[PDB]
Every structure is written in structure tokens, then in C-alpha cells.
$ cat target.txt   # compact mmCIF, C-alpha atoms
# COMPACT_ATOMS: atom_id res chain seq x y z
CA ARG A 22 0.00 0.00 0.00
CA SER A 23 3.04 2.25 0.49
CA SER A 24 4.83 1.75 -2.84
CA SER A 25 5.31 4.56 -5.35
CA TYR A 26 7.22 5.29 -8.56
CA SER A 27 9.04 8.31 -9.92
CA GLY A 28 9.90 8.46 -13.60
CA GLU A 29 10.64 7.70 -16.23
CA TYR A 30 13.33 10.39 -16.46
CA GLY A 31 15.27 10.69 -19.71
CA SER A 32 14.73 9.69 -23.32
CA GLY A 33 13.16 6.68 -25.02
CA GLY A 34 16.04 4.93 -26.75
CA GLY A 35 17.82 1.74 -25.78
CA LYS A 36 16.39 -1.29 -24.03
CA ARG A 37 14.18 -1.46 -20.98
CA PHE A 38 15.51 -2.92 -17.75
CA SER A 39 13.94 -3.43 -14.36
CA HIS A 40 15.23 -4.63 -11.01
CA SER A 41 11.76 -5.56 -9.74
CA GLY A 42 12.85 -9.20 -9.42
CA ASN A 43 15.97 -8.25 -7.50
CA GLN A 44 13.87 -6.99 -4.57
CA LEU A 45 13.69 -10.55 -3.29
CA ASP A 46 17.44 -10.56 -2.75
CA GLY A 47 17.26 -7.79 -0.15
CA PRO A 48 17.41 -4.04 0.40
CA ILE A 49 19.75 -1.96 -1.70
CA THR A 50 23.16 -2.22 -0.05
CA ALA A 51 25.55 -0.79 -2.68
CA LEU A 52 25.64 1.24 -5.87
CA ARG A 53 27.95 1.18 -8.90
CA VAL A 54 27.85 4.00 -11.40
CA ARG A 55 30.08 4.15 -14.47
CA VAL A 56 30.68 7.66 -15.80
CA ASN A 57 32.67 8.85 -18.82
CA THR A 58 33.62 12.33 -20.03
CA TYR A 59 30.04 13.07 -21.10
CA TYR A 60 27.40 10.75 -19.65
CA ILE A 61 26.25 8.26 -17.08
CA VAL A 62 27.40 5.08 -18.81
CA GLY A 63 26.21 2.27 -16.59
CA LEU A 64 24.58 1.13 -13.38
CA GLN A 65 24.74 -1.87 -11.08
CA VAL A 66 22.93 -2.19 -7.75
CA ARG A 67 23.51 -4.68 -4.95
CA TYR A 68 20.32 -6.11 -3.41
CA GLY A 69 21.24 -7.88 -0.21
CA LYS A 70 24.47 -9.59 -1.23
CA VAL A 71 23.64 -10.03 -4.95
CA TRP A 72 24.54 -7.60 -7.72
CA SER A 73 21.97 -6.87 -10.41
CA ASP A 74 22.71 -7.59 -14.04
CA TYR A 75 24.89 -4.67 -15.15
CA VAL A 76 23.23 -2.25 -17.57
CA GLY A 77 24.95 0.29 -19.80
CA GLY A 78 28.28 0.50 -21.54
CA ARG A 79 31.93 -0.21 -20.88
CA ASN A 80 33.23 3.35 -21.36
CA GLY A 81 34.43 5.19 -18.31
CA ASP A 82 35.45 4.96 -14.71
CA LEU A 83 33.46 3.07 -12.13
CA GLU A 84 32.52 4.43 -8.76
CA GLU A 85 31.39 1.92 -6.10
CA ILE A 86 29.68 3.02 -2.87
CA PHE A 87 28.69 0.60 -0.12
CA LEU A 88 25.75 1.68 1.98
CA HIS A 89 26.02 1.27 5.73
CA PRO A 90 23.80 -1.36 7.39
CA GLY A 91 20.30 0.03 7.46
CA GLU A 92 21.15 3.00 5.21
CA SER A 93 18.81 3.59 2.28
CA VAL A 94 18.33 6.07 -0.52
CA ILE A 95 15.44 8.48 0.10
CA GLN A 96 15.90 10.90 -2.84
CA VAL A 97 17.38 10.68 -6.32
CA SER A 98 17.93 13.78 -8.41
CA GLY A 99 19.80 14.22 -11.64
CA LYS A 100 20.08 15.66 -15.13
CA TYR A 101 19.74 14.38 -18.67
CA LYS A 102 20.25 15.65 -22.21
CA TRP A 103 19.71 12.95 -24.83
CA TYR A 104 21.09 10.51 -22.19
CA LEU A 105 21.56 10.65 -18.43
CA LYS A 106 24.25 13.12 -17.36
CA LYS A 107 24.06 13.33 -13.56
CA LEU A 108 22.67 11.30 -10.67
CA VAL A 109 22.59 12.25 -6.98
CA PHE A 110 21.52 9.71 -4.36
CA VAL A 111 20.65 11.10 -0.92
CA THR A 112 20.50 8.68 1.97
CA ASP A 113 18.71 8.48 5.32
CA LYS A 114 22.05 8.69 7.04
CA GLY A 115 22.55 12.14 5.51
CA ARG A 116 24.97 11.20 2.73
CA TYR A 117 24.96 12.81 -0.70
CA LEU A 118 26.38 10.57 -3.41
CA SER A 119 26.91 12.52 -6.66
CA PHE A 120 27.89 11.20 -10.10
CA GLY A 121 28.32 12.95 -13.44
CA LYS A 122 28.21 16.53 -14.61
CA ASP A 123 25.79 19.42 -14.23
CA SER A 124 24.31 19.87 -17.68
CA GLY A 125 20.86 19.28 -19.09
CA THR A 126 17.30 18.99 -17.85
CA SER A 127 16.93 18.49 -14.11
CA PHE A 128 14.74 16.01 -12.28
CA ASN A 129 14.10 15.27 -8.62
CA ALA A 130 12.59 12.03 -7.38
CA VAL A 131 11.34 11.46 -3.83
CA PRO A 132 8.99 8.85 -2.40
CA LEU A 133 5.28 9.61 -2.52
CA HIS A 134 4.58 8.15 0.90
CA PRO A 135 6.49 9.00 4.07
CA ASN A 136 8.87 6.54 5.66
CA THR A 137 9.58 4.63 2.46
CA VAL A 138 12.92 4.13 0.71
CA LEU A 139 14.37 3.28 -2.69
CA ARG A 140 13.69 -0.42 -3.18
CA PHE A 141 14.74 -0.89 -6.83
CA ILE A 142 15.39 0.95 -10.09
CA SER A 143 14.25 0.52 -13.67
CA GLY A 144 14.99 2.40 -16.88
CA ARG A 145 16.45 2.07 -20.34
CA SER A 146 20.04 1.44 -21.37
CA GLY A 147 22.42 0.67 -24.20
CA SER A 148 25.98 1.95 -24.32
CA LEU A 149 24.74 4.59 -21.85
CA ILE A 150 21.87 5.04 -19.41
CA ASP A 151 19.04 6.47 -21.51
CA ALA A 152 16.47 6.76 -18.72
CA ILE A 153 15.86 5.92 -15.07
CA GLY A 154 12.89 5.27 -12.85
CA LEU A 155 12.83 4.98 -9.07
CA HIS A 156 10.64 2.52 -7.18
CA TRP A 157 9.94 3.34 -3.53
CA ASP A 158 8.50 1.10 -0.80
CA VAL A 159 8.90 0.17 2.84
CA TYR A 160 12.33 -1.03 3.93
CA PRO A 161 12.19 -4.86 3.98
CA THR A 162 11.79 -6.62 7.32
CA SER A 163 13.06 -10.03 6.15
$ encode --input "target.txt" --output "C-alpha cells"
Amino acid sequence: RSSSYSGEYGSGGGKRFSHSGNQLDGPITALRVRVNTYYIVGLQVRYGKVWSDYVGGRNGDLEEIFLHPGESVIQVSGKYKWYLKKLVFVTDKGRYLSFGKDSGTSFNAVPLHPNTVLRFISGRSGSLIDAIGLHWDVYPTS
């Protein structure tokens, strides 16, 4: 009853992906974002102890952030122009995790219902991240 969805932010190219099935592996516990000179290139998210299937390209440097136990994302903002250019993940331990460059159209995603967190992502990808959507729900008890 508490789930919500923000998106889809970006353009309509590439191939759809969704981490809806990965929810069963656990809460989000880590993020990988690949970034090149121009764009957000790729994404991988750890659900419990299991990484999602990587989406995006091979170009660029990877950044890997491990969330603390019980830390979740409660806001995702960013920018896109043709493809995703910037992503900012804000956590409920007060951390701001920023990736990419400030150029393009801005978006800001927050959960519709209070006391919910980022449970999974979806979007579109190819050699880059074309679009992103954020799926919010209660933090998992089991």
C-alpha cells in the first residue's frame, strides 16, 4: 500500500531494464555508477548480497559506494540531455552521493509516501543510461 514510482526520467532509446525481481534478494546495499567524459554510462545495484545484471556501456570509470547497514536512498535527483548526465543519491544517514556533470534537464525524485525508501530501479540502457525510474517502498523486514 506504500509503494510509489518516480519516472521515467530521460529519453526513449535503448532497451528497458527493471530490477523488480531483484527486490527478493534484499534491500539496496551498494551502488555502482560508471561515468565517462560526457554521460552516465552504466549502473549496477547490490540487493542484499547479490549484484543486479549490469546495464549500460563499458566506457568510463566506475565508482562503487557501499551503503552502511540500514542506510537507504530516500531521494534521487539528476540531469539528462539525450542521455543521463548526472545522478545524486541522498541517503537516510545524511549522505549525498553525486555522479556525473551538471548539464541538461533536471529532475528530482522522492517517495510519494512518508517513511519509504528506494527499493529498486528501472529504466532504459544501451551503451549509456538512456532513462531511469525509481521505485519506492517500505524497507524490507526479512
$ residues_around --input "target.txt" --residues "residue 74 of chain A" --least-positions-apart "6" --cutoff "12 Å" --atoms "only C-alpha atoms" --output "short mmCIF file (atom, residue, chain, number, x, y, z; two decimals) with C-alpha atoms, in the coordinates of the input"
data_model
loop_
_atom_site.label_atom_id
_atom_site.label_comp_id
_atom_site.auth_asym_id
_atom_site.auth_seq_id
_atom_site.Cartn_x
_atom_site.Cartn_y
_atom_site.Cartn_z
CA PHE A 38 15.51 -2.92 -17.75
CA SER A 39 13.94 -3.43 -14.36
CA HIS A 40 15.23 -4.63 -11.01
CA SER A 41 11.76 -5.56 -9.74
CA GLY A 42 12.85 -9.20 -9.42
CA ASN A 43 15.97 -8.25 -7.50
CA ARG A 53 27.95 1.18 -8.90
CA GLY A 63 26.21 2.27 -16.59
CA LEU A 64 24.58 1.13 -13.38
CA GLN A 65 24.74 -1.87 -11.08
CA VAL A 66 22.93 -2.19 -7.75
CA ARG A 67 23.51 -4.68 -4.95
CA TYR A 68 20.32 -6.11 -3.41
CA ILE A 142 15.39 0.95 -10.09
CA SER A 143 14.25 0.52 -13.67
CA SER A 146 20.04 1.44 -21.37
#
$ residues_around --input "target.txt" --residues "residue 29 of chain A" --least-positions-apart "4" --cutoff "12 Å" --atoms "only C-alpha atoms" --output "ChimeraX atom specification"
/A:33,37-39,101,105,128-130,142-145,150-156
$ residues_near_point --input "target.txt" --point "(16.7, 9.6, 2.5)" --cutoff "8 Å" --atoms "only C-alpha atoms" --output "PyMOL selection string"
chain A and resi 93-96+111-115+138
$ atom_distance --input "target.txt" --atom1 "atom CA of residue 126 of chain A" --atom2 "atom CA of residue 100 of chain A"
5.1 Å
$ closest_residue --input "target.txt" --among "A:27, A:73, A:98, A:50" --to "residue 123 of chain A" --atoms "all atoms listed in the file"
A:98
$ closest_residue --input "target.txt" --among "A:46, A:59, A:107, A:24" --to "residue 121 of chain A" --atoms "only C-alpha atoms"
A:107
$ closest_residue --input "target.txt" --among "A:147, A:48, A:99, A:91" --to "residue 35 of chain A" --atoms "only C-alpha atoms"
A:147
$ atom_distance --input "target.txt" --atom1 "atom CA of residue 56 of chain A" --atom2 "atom CA of residue 78 of chain A"
9.5 Å
